[PDB]
């Protein structure tokens, strides 16, 4: 049913929480599709997850630019490398089965939870003190 449950460990600015929660929702939708052994749905949800991640990353990067965040370059490159990684993982889904979907899902969750807690956390105080919400 649910692979990832939201918790305070993932919390950041309120607007950012809406996007991270949406990503967690896509992860759980992809888990559900894998459990149902529905590969067409899994490929559809994976595509939609990737596309939303790109837009979430762009929203963060726009905050970094607007607010002259000193680690903008580093954090953008981290996002870019993960987009590249996600595009590589996507290729396996064409011939994959639900077990490939699960392995992929574990990689997605591991990256996202670490990224939110380790990298996204670094911009939070910086943006809060500048009035971002």
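Positions refer to the first chain, counted from 1. Rigid core here is just the name for the largest C-alpha set that superposes within 1.5 Å across the two forms.
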item	value
Divergent stretch in 4 other deposited structures of this protein, 110 to 118 or 9 to 17 [C-alpha RMS, superposed by the core]	9 to 17
Of 89 to 97 and 53 to 61, which departs more from this form in 4 other deposited structures of this protein by CA RMS after core fitting	89 to 97
Segment of higher mean CA temperature factor, 6 to 14 or 120 to 128	6 to 14
Stretch with the greater mean C-alpha B-factor as recorded in the entry, comparing 60 to 68 against 93 to 101	93 to 101
Highest-ranked of 34, 45, 53, 78 once sorted by CA temperature factor in the record	34
